[PDB]
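Asks: One file: final.tsv (TSV, C-alpha atoms).
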chain	number	residue	atom	x	y	z
A	1	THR	CA	-38.62	75.83	-103.12
A	2	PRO	CA	-35.07	74.60	-102.49
A	3	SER	CA	-36.11	71.52	-100.47
A	4	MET	CA	-39.14	69.31	-101.13
A	5	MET	CA	-41.46	70.20	-104.05
A	6	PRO	CA	-42.09	66.86	-105.85
A	7	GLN	CA	-41.20	65.00	-102.66
A	8	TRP	CA	-44.04	66.47	-100.62
A	9	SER	CA	-46.39	66.39	-103.58
A	10	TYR	CA	-45.44	62.78	-104.31
A	11	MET	CA	-46.87	61.15	-101.19
A	12	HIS	CA	-50.06	63.20	-101.52
A	13	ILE	CA	-49.15	65.09	-98.36
A	14	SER	CA	-50.38	68.26	-100.08
A	15	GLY	CA	-51.64	69.29	-103.48
A	16	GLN	CA	-54.23	67.61	-105.65
A	17	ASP	CA	-57.23	65.45	-104.78
A	18	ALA	CA	-58.18	61.85	-105.50
A	19	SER	CA	-60.68	63.01	-108.11
A	20	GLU	CA	-57.94	65.06	-109.71
A	21	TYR	CA	-54.78	62.94	-110.02
A	22	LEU	CA	-56.34	59.86	-111.63
A	23	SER	CA	-57.31	58.71	-115.08
A	24	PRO	CA	-60.94	59.52	-115.89
A	25	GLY	CA	-61.64	55.85	-116.46
A	26	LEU	CA	-60.80	54.88	-112.90
A	27	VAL	CA	-62.93	57.65	-111.43
A	28	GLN	CA	-65.88	56.63	-113.58
A	29	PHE	CA	-65.34	53.00	-112.59
A	30	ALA	CA	-65.33	53.90	-108.90
A	31	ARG	CA	-68.54	55.87	-109.40
A	32	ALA	CA	-69.93	52.75	-111.03
A	33	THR	CA	-69.48	49.99	-108.44
A	34	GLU	CA	-68.77	51.95	-105.28
A	35	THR	CA	-71.77	50.29	-103.63
A	36	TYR	CA	-70.92	46.61	-103.34
A	37	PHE	CA	-67.14	46.93	-103.70
A	38	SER	CA	-65.50	50.06	-102.32
A	39	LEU	CA	-62.18	51.57	-103.29
A	40	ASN	CA	-62.20	55.10	-101.86
A	41	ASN	CA	-60.27	54.23	-98.75
A	42	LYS	CA	-57.21	53.33	-100.82
A	43	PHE	CA	-55.96	56.83	-101.70
A	44	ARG	CA	-55.01	59.73	-99.46
A	45	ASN	CA	-56.80	63.07	-99.69
A	46	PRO	CA	-54.36	65.74	-98.49
A	47	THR	CA	-55.71	68.55	-96.36
A	48	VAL	CA	-53.89	71.76	-95.46
A	49	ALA	CA	-54.94	74.53	-93.14
B	1	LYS	CA	-73.33	69.74	-32.83
B	2	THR	CA	-69.82	68.58	-31.95
B	3	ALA	CA	-68.04	68.60	-35.29
B	4	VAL	CA	-64.30	69.24	-35.46
B	5	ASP	CA	-62.10	71.64	-37.37
B	6	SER	CA	-61.03	70.30	-40.74
B	7	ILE	CA	-59.09	71.07	-43.89
B	8	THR	CA	-59.68	69.92	-47.45
B	9	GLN	CA	-57.87	67.87	-50.08
B	10	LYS	CA	-58.65	67.95	-53.80
B	11	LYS	CA	-57.45	65.87	-56.75
B	12	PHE	CA	-58.65	64.15	-59.91
B	13	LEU	CA	-58.23	61.13	-62.15
B	14	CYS	CA	-57.77	61.10	-65.93
B	15	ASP	CA	-56.92	57.48	-66.63
B	16	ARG	CA	-56.93	55.90	-70.09
B	17	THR	CA	-55.80	58.74	-72.35
B	18	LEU	CA	-52.70	60.72	-73.30
B	19	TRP	CA	-51.62	64.28	-72.69
B	20	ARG	CA	-51.75	66.22	-75.97
B	21	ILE	CA	-50.20	69.50	-77.10
B	22	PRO	CA	-50.84	70.59	-80.70
B	23	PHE	CA	-48.41	72.80	-82.64
B	24	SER	CA	-50.26	75.83	-83.98
B	25	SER	CA	-50.67	79.55	-83.51
B	26	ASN	CA	-53.95	79.03	-81.67
B	27	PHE	CA	-53.94	75.37	-80.63
B	28	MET	CA	-56.83	74.61	-82.96
B	29	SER	CA	-57.02	71.73	-85.43
B	30	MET	CA	-57.71	73.46	-88.72
B	31	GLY	CA	-56.23	70.70	-90.87
B	32	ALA	CA	-54.19	67.54	-90.98
B	33	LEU	CA	-51.01	69.54	-91.61
B	34	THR	CA	-50.86	72.54	-89.32
B	35	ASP	CA	-49.85	75.97	-90.52
B	36	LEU	CA	-46.73	76.38	-88.42
B	37	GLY	CA	-45.31	73.25	-89.97
B	38	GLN	CA	-45.33	75.27	-93.19
B	39	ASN	CA	-43.73	78.38	-91.71
B	40	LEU	CA	-40.32	78.98	-93.21
B	41	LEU	CA	-38.64	80.04	-89.96
B	42	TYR	CA	-39.01	76.50	-88.61
B	43	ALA	CA	-38.62	74.97	-92.09
B	44	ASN	CA	-35.57	76.40	-93.88
B	45	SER	CA	-32.91	75.88	-91.22
B	46	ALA	CA	-31.98	73.82	-88.17
B	47	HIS	CA	-32.73	74.40	-84.50
B	48	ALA	CA	-32.12	72.82	-81.11
B	49	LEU	CA	-34.85	71.86	-78.65
B	50	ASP	CA	-34.95	71.57	-74.86
B	51	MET	CA	-37.73	70.12	-72.71
B	52	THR	CA	-37.99	70.25	-68.92
B	53	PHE	CA	-40.50	68.15	-66.99
B	54	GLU	CA	-41.56	68.35	-63.35
B	55	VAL	CA	-43.68	65.49	-61.98
B	56	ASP	CA	-44.83	63.99	-58.69
B	57	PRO	CA	-42.28	61.78	-56.91
B	58	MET	CA	-42.70	58.02	-56.84
B	59	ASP	CA	-40.95	55.21	-55.02
B	60	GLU	CA	-39.78	52.98	-57.89
B	61	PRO	CA	-38.26	53.53	-61.34
B	62	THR	CA	-40.60	54.88	-64.00
B	63	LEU	CA	-40.41	55.76	-67.68
B	64	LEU	CA	-41.43	58.92	-69.48
B	65	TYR	CA	-43.20	58.16	-72.76
B	66	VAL	CA	-42.98	60.84	-75.44
B	67	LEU	CA	-44.69	60.65	-78.83
B	68	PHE	CA	-43.80	63.12	-81.57
B	69	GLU	CA	-46.92	63.31	-83.71
B	70	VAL	CA	-45.45	63.29	-87.21
B	71	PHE	CA	-46.05	62.10	-90.76
B	72	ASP	CA	-45.12	58.68	-92.10
B	73	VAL	CA	-46.47	57.56	-95.45
B	74	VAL	CA	-45.90	54.65	-97.79
B	75	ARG	CA	-46.52	54.41	-101.53
B	76	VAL	CA	-46.91	51.19	-103.50
B	77	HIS	CA	-46.62	50.64	-107.25
B	78	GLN	CA	-47.08	47.52	-109.40
B	79	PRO	CA	-45.66	47.98	-112.90
B	80	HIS	CA	-45.55	44.39	-114.14
B	81	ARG	CA	-46.99	41.08	-113.06
B	82	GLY	CA	-44.88	39.54	-110.34
B	83	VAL	CA	-43.05	42.72	-109.30
B	84	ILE	CA	-44.07	45.10	-106.52
B	85	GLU	CA	-42.20	48.24	-105.52
B	86	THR	CA	-42.59	50.56	-102.55
B	87	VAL	CA	-41.22	53.82	-101.18
B	88	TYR	CA	-41.50	54.82	-97.52
B	89	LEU	CA	-41.23	58.46	-96.57
B	90	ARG	CA	-40.72	59.60	-93.01
B	91	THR	CA	-41.13	63.24	-92.00
B	92	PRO	CA	-38.65	64.82	-89.46
B	93	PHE	CA	-36.75	62.11	-87.62
B	94	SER	CA	-36.09	60.13	-90.82
B	95	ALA	CA	-32.37	59.56	-90.16
C	1	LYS	CA	-51.94	20.62	-58.94
C	2	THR	CA	-54.32	17.73	-58.37
C	3	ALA	CA	-56.59	18.05	-61.40
C	4	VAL	CA	-57.32	15.14	-63.70
C	5	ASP	CA	-57.34	14.26	-67.39
C	6	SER	CA	-60.03	16.13	-69.26
C	7	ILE	CA	-61.71	16.73	-72.59
C	8	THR	CA	-63.51	19.76	-73.99
C	9	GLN	CA	-66.92	20.40	-75.51
C	10	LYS	CA	-68.08	23.37	-77.59
C	11	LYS	CA	-71.46	24.47	-78.94
C	12	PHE	CA	-73.51	27.57	-79.68
C	13	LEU	CA	-76.93	29.18	-79.36
C	14	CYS	CA	-78.46	31.52	-81.94
C	15	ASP	CA	-82.12	31.76	-81.01
C	16	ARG	CA	-84.43	34.49	-82.28
C	17	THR	CA	-83.70	34.67	-86.02
C	18	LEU	CA	-84.15	32.78	-89.28
C	19	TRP	CA	-81.71	30.94	-91.48
C	20	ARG	CA	-81.47	32.57	-94.91
C	21	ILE	CA	-80.13	31.60	-98.32
C	22	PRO	CA	-80.56	34.27	-101.01
C	23	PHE	CA	-80.70	33.83	-104.77
C	24	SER	CA	-77.56	35.36	-106.25
C	25	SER	CA	-74.31	34.56	-107.95
C	26	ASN	CA	-72.35	35.87	-104.96
C	27	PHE	CA	-74.90	35.84	-102.11
C	28	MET	CA	-74.73	39.63	-101.92
C	29	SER	CA	-77.81	41.89	-101.98
C	30	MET	CA	-77.50	44.19	-104.98
C	31	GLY	CA	-81.24	44.73	-105.39
C	32	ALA	CA	-84.69	43.64	-104.36
C	33	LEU	CA	-84.98	41.67	-107.60
C	34	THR	CA	-81.94	39.51	-108.23
C	35	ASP	CA	-80.03	38.64	-111.36
C	36	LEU	CA	-80.49	34.88	-111.33
C	37	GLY	CA	-84.18	35.59	-111.09
C	38	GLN	CA	-83.84	37.65	-114.24
C	39	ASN	CA	-81.16	35.37	-115.64
C	40	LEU	CA	-82.55	33.37	-118.52
C	41	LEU	CA	-81.07	30.12	-117.14
C	42	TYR	CA	-83.82	30.49	-114.52
C	43	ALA	CA	-86.06	32.97	-116.38
C	44	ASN	CA	-86.89	31.16	-119.68
C	45	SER	CA	-87.89	27.58	-118.79
C	46	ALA	CA	-89.21	25.35	-116.00
C	47	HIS	CA	-87.75	22.77	-113.61
C	48	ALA	CA	-88.48	20.83	-110.42
C	49	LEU	CA	-86.97	21.14	-106.96
C	50	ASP	CA	-85.72	18.81	-104.24
D	1	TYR	CA	-101.03	24.63	-74.45
D	2	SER	CA	-100.98	28.35	-73.84
D	3	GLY	CA	-97.40	29.59	-73.97
D	4	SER	CA	-95.70	31.81	-76.48
D	5	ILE	CA	-96.41	30.83	-80.07
D	6	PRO	CA	-93.29	30.77	-82.27
D	7	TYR	CA	-95.30	30.60	-85.48
D	8	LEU	CA	-96.74	34.04	-84.76
D	9	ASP	CA	-94.74	35.62	-81.95
D	10	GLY	CA	-91.36	35.97	-83.60
D	11	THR	CA	-89.53	33.89	-80.99
D	12	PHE	CA	-87.53	30.87	-82.10
D	13	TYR	CA	-85.24	28.67	-80.05
D	14	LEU	CA	-84.44	25.60	-82.16
D	15	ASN	CA	-81.99	26.86	-84.76
D	16	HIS	CA	-79.03	24.98	-83.42
D	17	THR	CA	-80.49	21.54	-84.14
D	18	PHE	CA	-79.70	21.57	-87.87
D	19	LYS	CA	-76.78	19.57	-89.23
D	20	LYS	CA	-76.72	19.74	-93.03
D	21	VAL	CA	-78.89	20.79	-95.96
D	22	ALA	CA	-78.78	20.02	-99.68
D	23	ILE	CA	-80.56	21.48	-102.72
D	24	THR	CA	-81.05	19.94	-106.14
D	25	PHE	CA	-82.75	20.83	-109.43
D	26	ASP	CA	-84.14	18.02	-111.60
D	27	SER	CA	-81.94	15.44	-109.88
D	28	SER	CA	-78.75	16.59	-111.58
D	29	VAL	CA	-77.42	19.93	-110.33
D	30	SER	CA	-76.48	21.62	-107.05
D	31	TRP	CA	-77.84	25.14	-106.74
D	32	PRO	CA	-74.46	26.44	-105.66
D	33	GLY	CA	-72.30	24.84	-108.32
D	34	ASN	CA	-69.05	25.42	-110.15
D	35	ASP	CA	-67.26	24.57	-106.90
D	36	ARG	CA	-68.08	27.87	-105.24
D	37	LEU	CA	-68.02	26.45	-101.72
D	38	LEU	CA	-65.61	24.28	-99.75
D	39	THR	CA	-68.11	21.47	-99.41
D	40	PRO	CA	-69.43	22.03	-102.90
D	41	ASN	CA	-72.56	19.91	-103.04
D	42	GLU	CA	-74.07	20.66	-99.64
D	43	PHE	CA	-74.04	23.44	-97.06
D	44	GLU	CA	-72.31	22.54	-93.80
D	45	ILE	CA	-73.57	24.35	-90.71
D	46	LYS	CA	-71.94	22.62	-87.75
D	47	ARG	CA	-69.72	19.59	-88.07
D	48	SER	CA	-69.63	17.14	-85.23
D	49	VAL	CA	-66.89	18.02	-82.74
D	50	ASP	CA	-64.74	15.37	-84.47
D	51	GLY	CA	-64.61	16.98	-87.90
D	52	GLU	CA	-62.05	19.54	-86.85
D	53	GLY	CA	-60.79	20.57	-90.27
D	54	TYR	CA	-63.13	23.52	-90.73
D	55	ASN	CA	-64.21	25.25	-87.52
D	56	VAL	CA	-64.31	29.02	-86.98
D	57	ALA	CA	-64.47	31.55	-84.15
D	58	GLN	CA	-63.99	28.82	-81.51
D	59	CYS	CA	-67.56	27.60	-81.90
D	60	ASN	CA	-68.31	24.33	-83.68
D	61	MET	CA	-69.24	26.15	-86.88
D	62	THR	CA	-68.10	25.72	-90.46
D	63	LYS	CA	-66.55	28.77	-92.06
D	64	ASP	CA	-68.73	28.59	-95.15
D	65	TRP	CA	-72.02	28.96	-93.33
D	66	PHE	CA	-70.75	31.82	-91.20
D	67	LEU	CA	-69.58	33.64	-94.31
D	68	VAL	CA	-72.84	33.08	-96.16
D	69	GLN	CA	-75.04	34.27	-93.33
D	70	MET	CA	-72.92	37.33	-92.62
D	71	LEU	CA	-72.95	38.34	-96.27
D	72	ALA	CA	-76.64	37.75	-96.88
D	73	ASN	CA	-77.40	39.88	-93.87
D	74	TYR	CA	-75.09	42.84	-94.42
D	75	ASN	CA	-72.99	42.43	-97.60
D	76	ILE	CA	-69.92	42.15	-95.36
D	77	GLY	CA	-66.96	39.84	-95.75
D	78	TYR	CA	-65.32	40.45	-99.11
D	79	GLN	CA	-63.30	43.16	-97.38
D	80	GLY	CA	-62.55	41.39	-94.12
D	81	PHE	CA	-64.94	40.91	-91.23
D	82	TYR	CA	-65.64	43.44	-88.50
D	83	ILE	CA	-68.47	44.38	-86.18
D	84	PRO	CA	-71.31	45.54	-88.44
D	85	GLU	CA	-72.73	49.00	-87.96
D	86	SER	CA	-75.48	49.63	-85.44
D	87	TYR	CA	-78.39	50.95	-87.48
D	88	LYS	CA	-77.94	48.33	-90.18
D	89	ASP	CA	-78.36	45.56	-87.57
D	90	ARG	CA	-81.56	45.59	-85.52
D	91	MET	CA	-82.95	43.33	-82.80
D	92	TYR	CA	-84.14	40.47	-84.99
D	93	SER	CA	-80.89	40.33	-86.93
D	94	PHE	CA	-78.31	37.53	-86.96
D	95	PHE	CA	-75.22	38.93	-85.30
D	96	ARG	CA	-77.01	40.31	-82.26
D	97	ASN	CA	-78.03	36.85	-81.05
D	98	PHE	CA	-74.96	34.68	-81.68
D	99	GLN	CA	-73.49	32.97	-78.62
D	100	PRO	CA	-70.57	30.55	-78.50
D	101	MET	CA	-70.10	28.44	-75.36
E	1	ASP	CA	-45.06	35.47	-63.18
E	2	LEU	CA	-45.78	32.47	-65.36
E	3	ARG	CA	-42.31	31.14	-66.11
E	4	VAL	CA	-41.99	29.75	-62.58
E	5	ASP	CA	-45.52	28.34	-62.47
E	6	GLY	CA	-45.11	25.82	-65.27
E	7	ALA	CA	-47.49	27.32	-67.80
E	8	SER	CA	-46.56	25.96	-71.21
E	9	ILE	CA	-47.77	25.94	-74.79
E	10	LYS	CA	-47.20	23.96	-77.98
E	11	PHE	CA	-48.20	24.90	-81.53
E	12	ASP	CA	-48.98	22.03	-83.89
E	13	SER	CA	-50.59	23.13	-87.16
E	14	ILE	CA	-50.74	26.42	-89.03
E	15	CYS	CA	-52.55	27.24	-92.26
E	16	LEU	CA	-53.35	30.34	-94.31
E	17	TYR	CA	-56.70	31.54	-95.62
E	18	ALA	CA	-58.01	33.97	-98.20
E	19	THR	CA	-61.17	34.69	-100.17
E	20	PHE	CA	-61.81	36.05	-103.65
E	21	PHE	CA	-64.56	38.08	-105.28
E	22	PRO	CA	-65.77	36.13	-108.31
E	23	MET	CA	-65.69	39.26	-110.45
E	24	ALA	CA	-66.62	39.13	-114.12
E	25	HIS	CA	-63.46	38.09	-115.89
E	26	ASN	CA	-63.12	40.76	-118.58
E	27	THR	CA	-64.04	43.41	-116.03
E	28	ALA	CA	-61.24	42.08	-113.85
E	29	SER	CA	-58.75	42.38	-116.70
E	30	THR	CA	-59.96	45.92	-117.33
E	31	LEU	CA	-59.41	46.78	-113.68
E	32	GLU	CA	-55.92	45.30	-113.72
E	33	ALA	CA	-55.03	47.40	-116.74
E	34	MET	CA	-56.55	50.43	-115.04
E	35	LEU	CA	-54.36	49.87	-112.00
E	36	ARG	CA	-51.00	48.79	-113.41
E	37	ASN	CA	-50.18	52.17	-114.97
E	38	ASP	CA	-47.83	54.11	-112.75
E	39	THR	CA	-49.80	57.29	-112.20
E	40	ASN	CA	-52.47	55.49	-110.18
E	41	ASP	CA	-50.31	54.09	-107.41
E	42	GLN	CA	-51.55	53.48	-103.87
E	43	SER	CA	-50.81	55.38	-100.67
E	44	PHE	CA	-51.50	54.53	-97.07
E	45	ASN	CA	-50.97	56.35	-93.73
E	46	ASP	CA	-50.75	54.67	-90.33
E	47	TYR	CA	-52.96	56.25	-87.71
E	48	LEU	CA	-51.12	56.89	-84.52
E	49	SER	CA	-48.18	58.22	-86.42
E	50	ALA	CA	-45.25	59.41	-84.45
E	51	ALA	CA	-41.96	58.50	-82.97
F	1	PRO	CA	-77.42	44.42	-112.80
F	2	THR	CA	-78.02	41.49	-115.11
F	3	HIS	CA	-74.46	40.72	-116.16
F	4	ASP	CA	-70.87	41.97	-116.40
F	5	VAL	CA	-70.36	41.42	-112.67
F	6	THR	CA	-70.08	37.70	-111.95
F	7	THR	CA	-68.58	35.12	-114.28
F	8	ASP	CA	-69.59	31.50	-114.35
F	9	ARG	CA	-66.46	29.70	-115.47
F	10	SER	CA	-65.92	27.45	-112.46
F	11	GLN	CA	-63.85	29.13	-109.75
F	12	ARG	CA	-63.35	28.71	-106.02
F	13	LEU	CA	-64.54	31.28	-103.50
F	14	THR	CA	-62.07	30.56	-100.69
F	15	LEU	CA	-58.49	29.35	-100.83
F	16	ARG	CA	-56.48	27.44	-98.25
F	17	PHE	CA	-52.68	27.71	-98.31
F	18	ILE	CA	-50.15	25.33	-96.80
F	19	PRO	CA	-46.77	26.18	-95.28
F	20	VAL	CA	-43.80	25.06	-97.34
F	21	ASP	CA	-41.12	25.85	-94.78
F	22	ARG	CA	-41.23	26.04	-91.01
F	23	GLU	CA	-38.46	26.54	-88.44
F	24	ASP	CA	-38.43	26.34	-84.66
F	25	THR	CA	-36.22	27.35	-81.75
F	26	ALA	CA	-36.67	27.96	-78.04
F	27	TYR	CA	-38.60	31.14	-78.68
F	28	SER	CA	-39.31	31.81	-82.34
F	29	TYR	CA	-41.65	30.05	-84.74
F	30	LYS	CA	-41.08	30.95	-88.40
F	31	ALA	CA	-43.23	30.06	-91.41
F	32	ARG	CA	-43.21	30.72	-95.16
F	33	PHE	CA	-45.90	30.52	-97.84
F	34	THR	CA	-46.31	30.82	-101.61
F	35	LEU	CA	-49.29	33.13	-102.05
F	36	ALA	CA	-50.23	32.65	-105.70
F	37	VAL	CA	-53.06	34.89	-106.84
F	38	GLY	CA	-54.14	33.36	-110.12
F	39	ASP	CA	-54.60	34.91	-113.52
F	40	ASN	CA	-57.24	37.66	-113.72
F	41	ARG	CA	-58.32	38.01	-110.10
F	42	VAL	CA	-58.12	40.74	-107.48
F	43	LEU	CA	-57.51	39.92	-103.81
F	44	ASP	CA	-57.73	42.04	-100.73
F	45	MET	CA	-55.42	41.52	-97.83
F	46	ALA	CA	-58.29	42.17	-95.52
F	47	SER	CA	-59.44	38.71	-96.23
F	48	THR	CA	-56.20	37.24	-94.93
F	49	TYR	CA	-56.09	35.73	-91.51
F	50	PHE	CA	-53.60	33.25	-90.16
What's the C-alpha cells form of this structure?
Replies:
Amino acid sequence: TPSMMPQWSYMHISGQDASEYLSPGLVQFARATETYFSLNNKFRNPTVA
Amino acid sequence: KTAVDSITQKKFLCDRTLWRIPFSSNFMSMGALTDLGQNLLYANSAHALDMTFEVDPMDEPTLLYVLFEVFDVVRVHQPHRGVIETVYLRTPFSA
Amino acid sequence: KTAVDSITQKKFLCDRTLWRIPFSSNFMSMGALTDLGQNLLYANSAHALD
Amino acid sequence: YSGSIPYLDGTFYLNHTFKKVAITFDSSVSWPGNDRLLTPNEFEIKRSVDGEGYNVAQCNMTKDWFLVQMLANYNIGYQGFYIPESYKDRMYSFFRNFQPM
Amino acid sequence: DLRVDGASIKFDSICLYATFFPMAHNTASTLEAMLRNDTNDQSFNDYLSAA
Amino acid sequence: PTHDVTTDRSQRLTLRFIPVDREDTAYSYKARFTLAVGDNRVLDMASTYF
C-alpha cells in the first residue's frame, strides 16, 4: 500500500463500522435514547463490493 | 376504403432525469464503492481519457453537462470548547 | 400599470381536528403514561385548576 | 335541526376562532413555567395581523403554537421540520388539514 | 426578462432562529465529554457527489 | 422515564439572534451573527433557519 492506507481509512470510506470504531459508552448511550433523539445519521458506514 | 400509402415515424421522451453509466465489470451496483475503483491497473498509475459524443443537431448554442460521480467527504472534530477543526477530502479531481 | 394602493390580509383554516396540549416536560410523547403524571410534584398532593 | 352533528360525527369547522388560552394552578403558577415559551405565561395561537413580531409559514400563526402542535402529534421539530411520514399521519391528523390563505 | 419590466425588491429586517432540547444537565455534560474526545469525530457525505 | 432526561432549572426553549453587522451594495447583502451556544447544551443545525 504505497498510496492511501490511513487516508482512505480515515474518512470511513472503507474499513470498520460505526459500532466498531467508537467508545463503548457512546454506543450504549445511542442504544439508550435512540427513540426520541436520534444520532445514527451522523456517522458514515462504509460499504465495499 | 380509400386510404393512402403511408410511412411511419417513431420516437420517445425521457424528460426529467439524467443519463447514467456506472463503472463496473457488469454494470451492477454491488456497493457504494465499485470494484473496478479498487483495481490496481486503474489505481497505481496515470492514464489519459478521451470521450466522443454524437448528438442531434439544434439551431442555437447548447451546453453539454457532464457529472463525474465521485467521492467527497468532510470530517469534523471539536477538541476544546470554542475551537472547531475540519478536513475535506476529495477523491480524483482534487487538484 | 394602472393599479392602486393596496393592503394585504392573511388567515388560515384547519377544520377537522382537535387542539391538543399534552402533559410533559418537553411536549414529546415518550409513553402512554407521562413523567409529570408520575412526578411527585403532581403525584403526591392536590391542587385546583383555572 | 338535522344536519351533521359535530359532537358525534367527527367533523369540526370552528378551530380558527380561538385567540389565546391561559392555564393556572392555585392562582400562582403557569403550567408551562420556567420561561419555556416565548410568551411565557400564555399560549399564543394567532396574533392579530398587527402583531407582526412572531408569525410563521406566511399564515397569521405564532411559532410557538405551531411547534407545540407539530411535536405533540409526531415528536418532530427538535431536529428540524419536514413533511411527516405517511403512515404516522392519518386522515384525522393535524398536518393533513392545514390551509393558509 | 424582469430587469426591463421594473420588478424590484427591498429587504428590511433579518433575524436568526434556533431551538434547544432541554436535556437533563448532567446528562448533557456527559454527552459533551463523550463527544469531545478525538476518536469519535463526525463525518458527512453530500449526496449528488461529483464534479 | 421518570427523570434524568429533562432538567427544571429555568431555561429557554427557543432563541432569537440579532445581526451585529450588515453591509449592502447594488447586488449583495451581507450579514454576521454571534451564535453563542451556552454552557452545557447541545444544538442541532437543523433547527436553524434564517
Asks: Determine, for each residue of chain C having at least one atom at most 7 Å from an atom of chain D, the closest pair of atoms and their separation in Å to one decimal, counting all atoms listed in the file; order by chain and ascending number, as CSV.
Replies:
residue,atom,partner,partner_atom,distance
C:10,CA,D:101,CA,5.9
C:11,CA,D:101,CA,5.5
C:12,CA,D:100,CA,4.3
C:13,CA,D:99,CA,5.2
C:14,CA,D:98,CA,4.7
C:15,CA,D:13,CA,4.5
C:16,CA,D:12,CA,4.8
C:17,CA,D:92,CA,5.9
C:20,CA,D:69,CA,6.8
C:22,CA,D:72,CA,6.7
C:27,CA,D:72,CA,5.8
C:28,CA,D:75,CA,5.4
C:29,CA,D:75,CA,6.5
C:47,CA,D:26,CA,6.3
C:48,CA,D:26,CA,5.3
C:49,CA,D:25,CA,4.9
C:50,CA,D:24,CA,5.2
Asks: Tell me, in Å to one decimal, how far CA of residue 38 in chain F is from CA of residue 33 in chain A.
Replies: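 Going from CA of residue 38 in chain F over to CA of residue 33 in chain A covers 22.7 Å.
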Asks: Might you pull out every residue within 10 Å of residue 25 in chain C, with all atoms listed in the file counted and same-chain residues fewer than 5 positions away left off, and present them as a PDB file with C-alpha atoms, in the frame of the given file?
Replies:
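Saved result, around-v8.pdb, follows:
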ATOM      1  CA  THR C  34     -81.940  39.510-108.230  1.00  0.00           C
ATOM      2  CA  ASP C  35     -80.030  38.640-111.360  1.00  0.00           C
ATOM      3  CA  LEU C  36     -80.490  34.880-111.330  1.00  0.00           C
TER       4      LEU C  36
ATOM      5  CA  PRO D  32     -74.460  26.440-105.660  1.00  0.00           C
ATOM      6  CA  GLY D  33     -72.300  24.840-108.320  1.00  0.00           C
ATOM      7  CA  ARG D  36     -68.080  27.870-105.240  1.00  0.00           C
TER       8      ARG D  36
ATOM      9  CA  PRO E  22     -65.770  36.130-108.310  1.00  0.00           C
TER      10      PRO E  22
ATOM     11  CA  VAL F   5     -70.360  41.420-112.670  1.00  0.00           C
ATOM     12  CA  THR F   6     -70.080  37.700-111.950  1.00  0.00           C
ATOM     13  CA  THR F   7     -68.580  35.120-114.280  1.00  0.00           C
ATOM     14  CA  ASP F   8     -69.590  31.500-114.350  1.00  0.00           C
TER      15      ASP F   8
END
Asks: Calculate how many Å separate CA of residue 41 in chain E from CA of residue 28 in chain A, rounding to one decimal.
Replies: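 Here the two named atoms are 16.9 Å from each other.
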Asks: Excluding residue 20 in chain E and any residue of its chain fewer than 4 positions from it, enumerate the residues within 7 Å of it, using only C-alpha atoms, and give them as a ChimeraX atom specification.
Replies: /F:13-14,43
Asks: Can those selected residues be exported to a file as a PDB file, in the coordinates of the input so that it contains C-alpha atoms?
Replies:
ATOM      1  CA  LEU F  13     -64.540  31.280-103.500  1.00  0.00           C
ATOM      2  CA  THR F  14     -62.070  30.560-100.690  1.00  0.00           C
ATOM      3  CA  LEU F  43     -57.510  39.920-103.810  1.00  0.00           C
TER       4      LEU F  43
END
Asks: Using 4 Å of padding on each side, determine the axis-aligned box around all atoms of range 33-36 of chain F present in the file and give its centre and edge lengths in Å to one decimal, as lines of an AutoDock Vina configuration file.
Replies:
center_x = -48.1
center_y = 31.8
center_z = -101.8
size_x = 12.3
size_y = 10.6
size_z = 15.9
Asks: Enter the distance from CA of residue 34 in chain D to CA of residue 20 in chain F, in Å, rounded to one decimal.
Replies: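 CA of residue 20 in chain F lies at a distance of 28.3 Å from CA of residue 34 in chain D.
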Asks: Pick out the residues sitting within 12 Å of residue 1 in chain C, and hand them over as a VMD selection string; count only C-alpha atoms, and ignore anything fewer than 5 positions along from it in its own chain.
Replies: chain E and resid 5 to 7
Asks: Could you give me, as a list in words, the residues that sit within 10 Å of (-60.0, 50.5, -102.9) in the file's coordinates, counting only C-alpha atoms?
Replies: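 Counting only C-alpha atoms, I find these residues within 10 Å of (-60.0, 50.5, -102.9): residues 30, 34, 37, 38, 39, 40, 41, 42 and 43 of chain A; 79 of chain D; 42 of chain E; 44 of chain F.
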Asks: Within 9 Å of (-52.8, 59.8, -105.3) (coordinates as in the file), grab all the protein and nucleic acid residues, counting all atoms listed in the file, and write them out as a ChimeraX atom specification.
Replies: /A:10-12,16-22,43-45 /E:39-43
Asks: Quick one: residues within 12 Å of residue 24 in chain F, all atoms listed in the file counted, chain neighbours fewer than 3 positions away excluded, as JSON, numbers by chain?
Replies: {"E": [10, 11, 12], "F": [21, 27, 28, 29, 30, 31]}
Asks: Ranking A:26, A:13, A:4, A:48 by minimum distance to chain E and counting only C-alpha atoms, which one comes first?
Replies: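 That would be A:26, the residue with the smallest distance to chain E.
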Asks: Determine which residues of chain E sit within 12 Å of chain A, taking into account all atoms listed in the file, and present them as a list in words.
Replies: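 On the chain E side, the interface is residues 21, 22, 23, 27, 28, 30, 31, 32, 33, 34, 35, 36, 37, 38, 39, 40, 41, 42, 43, 44, 45 and 46 of chain E.
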Asks: Between C:45, C:2, C:26, C:9, which one has atoms that come closest to chain E, using all atoms listed in the file?
Replies: C:26
Asks: With only C-alpha atoms as the atoms that count, which of A:36, A:31, A:49, A:5 lies nearest to chain F?
Replies: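 Closest candidate: A:36.
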Asks: Compute the set of chain F residues within 8 Å of chain C, using only C-alpha atoms, and express it as a PDB file with C-alpha atoms, keeping the file's coordinate frame.
Replies:
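Saved the output as selection.pdb:
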ATOM      1  CA  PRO F   1     -77.420  44.420-112.800  1.00  0.00           C
ATOM      2  CA  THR F   2     -78.020  41.490-115.110  1.00  0.00           C
ATOM      3  CA  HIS F   3     -74.460  40.720-116.160  1.00  0.00           C
ATOM      4  CA  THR F   6     -70.080  37.700-111.950  1.00  0.00           C
TER       5      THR F   6
END
